[PDB]
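Chains, contacts and geometry: an overview
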Amino acid sequence: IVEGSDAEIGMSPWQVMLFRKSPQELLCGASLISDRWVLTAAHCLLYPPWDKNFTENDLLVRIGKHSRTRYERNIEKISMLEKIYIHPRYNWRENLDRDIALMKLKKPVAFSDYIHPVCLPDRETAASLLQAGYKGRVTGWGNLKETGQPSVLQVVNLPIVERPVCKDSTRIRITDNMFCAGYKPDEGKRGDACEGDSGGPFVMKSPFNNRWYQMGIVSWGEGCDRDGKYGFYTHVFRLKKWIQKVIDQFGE
Amino acid sequence: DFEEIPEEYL
Amino acid sequence: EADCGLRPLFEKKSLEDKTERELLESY
Ligand SMILES: Cc1nc2ccccc2n1Cc1ccc2c(c1)nc(CNc1ccc(C(=N)N)cc1)n2C
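Per the deposited record, X-ray crystallography is how this structure was determined, to a resolution of 1.90 Å.

Dropping the structure here:
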């Protein structure tokens, strides 16, 4: 996370680290949506251009973490993957459209003061909050600069940007399954997700019921925190139907 | 630079 | 989820984190 700050303890209890076993390393960010379901970006698992195509056994899910590199005894819980589900229409060929994936953990994780699920938005919640100017929150252990790594989970609040502005900031084709966030060159403030943050959550706290909802998944970006560029996010609600069906088809 | 995790998970 | 989005160390004990107000002020 570029230009963010250290997360408070227990500030993002749904934060999940997608960890590579061999070598042992941070692969991506992710989020806890129930005791057995972890949500992330499809690109974190399958992405041919970067020769990425992980299988369950290649991965480990680290939940309840704060420190980046340290094994947090008695706090974090490390789970194994039973199955990975990637959106059937995820398009890595043209533009990372429908960049979303679900991972079912082998056995339920126990909630604690550091482990707790985030809500998925309903139609009304999404309509009311997914508006230009409204701020969301992005967290992760990714790079602090485009070109180091944080010691602790970083957090940054960023404003949703008008779709026209998002489109005009890049030559890439934006789809309705994506949204962008971040400050404009003249807004003074800054911050953005970066390498190591993808797959992570973009959440918003509903002022109607005081609950945190995950509106986006760190998807793609050009550089990190570049003036005139914005971070793009998978529109979670737009793909909720897929989420619903997978969870009640193969889930618990 | 990741601290060793319990071998029980690998 | 029935208790989703309510954090044990914050919402659960009516404590607010250091920057959430920024979010709510933008709504
Ligand atoms: C070359 C190209 N053609 C595209 C078509 C559609 C979308 C992105 C595209 N890109 C650039 C591109 C492509 C794939 C990418 C990407 C950036 N970035 C990631 C993941 N990491 C990442 C890095 C930086 C940021 C950010 N600054 N907000 C967010 C995510 N993947 C998995």
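Before going further, it helps to spend a moment on the domain arrangement of chain A. Interface size, as often reported, equals the accessible area lost upon joining of the parts. Residue and element names in this part refer to chain A. Here chain A is described as being made up of domain 1 (1-12 + 118-237) and domain 2 (13-117 + 238-250). Taking only C-alpha atoms, the centre of domain 1 and the centre of domain 2 are 18 Å apart. With 42 residues of domain 1 at the interface, the matching set in domain 2 holds 38 residues. Summed over both partners, the interface of domain 1 with domain 2 comes to about 3200 Å²; 56% of that surface belongs to carbon and sulfur atoms. Per-residue buried area on domain 1 facing domain 2 is highest for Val118, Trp141 and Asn177; these three make up 23% of the total on that side.

This part is about the state of the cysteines. All names here are of chain A. The full count for this structure, using the stated rule, is 4 disulfides over all chains. Disulfide pairing is shown between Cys28 and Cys44; the S-S distance is 2.0 Å. Measuring the twist about the S-S bond at about -85 degrees, one finds the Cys28-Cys44 disulfide to be left-handed. Taken as a pair, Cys28 in strand β3 (residues 25-32) and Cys44 in the loop between β4 (37-40) and β5 (46-47) lie far apart in primary sequence, 16 residues in all. You'll find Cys28 and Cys44 in the same group, each marked buried. Across the disulfide, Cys194 is cross-linked to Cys224 (sulfur-sulfur distance 2.0 Å). Torsion about the S-S bond of the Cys194 and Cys224 cystine: about 90 degrees, corresponding to right-handed handedness. A residue pair is termed long-range when its members are at least 10 positions apart, and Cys194 in the loop between β13 (178-181) and β14 (201-205) and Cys224 in the loop between β15 (212-220) and β16 (231-235) qualify at 30 residues.

Let us look at the interface of chain B and chain A. Across the boundary between the two partners, chain B contributes 8 residues, which contact 14 residues of chain A. Of the roughly 1100 Å² buried between chain B and chain A on both sides combined, carbon and sulfur atoms contribute 62%. Considering only the side of chain B, the residues that lose the most area to chain A are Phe2(B), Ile5(B) and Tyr9(B), jointly responsible for 59% of the buried surface there. Between the two partners, chain B and chain A, sit 1 salt bridge. With its nearest N and O atoms 3.0 Å apart, the salt bridge here joins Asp1(B) to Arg68(A). Linking chain B to chain A there are 3 residue pairs in polar contact. Within the side of chain B that touches chain A, the residues separate by chemical class into 5 nonpolar, no polar and 3 charged.

What counts as what
- Residues numbered from 1 in each chain as written, not as in the entry; some residues may be left out.
- Chains lettered and ligands numbered in written order.
- Heavy atoms only, no water.
- Domains from an automatic or database assignment.
- Contact = heavy atoms within 4.5 Å.
- Buried area = accessible area lost by both parts, 1.4 Å probe.
- Disulfide = S-S within 2.5 Å.
- Helix = DSSP H or I, 4+ residues; strand = E, 2+ residues; numbered from the N terminus.
- Buried < 20%, exposed > 50% of the residue type's maximum accessible area, 1.4 Å probe, protein only.
- Salt bridge = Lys/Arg side-chain N within 4 Å of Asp/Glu carboxyl O.
- Polar contact = N/O pair within 3.5 Å; in protein donor to acceptor, adjacent residues only side chain to side chain.
- Nonpolar A, V, L, I, M, F, W, Y, C, P; charged D, E, K, R; others polar.

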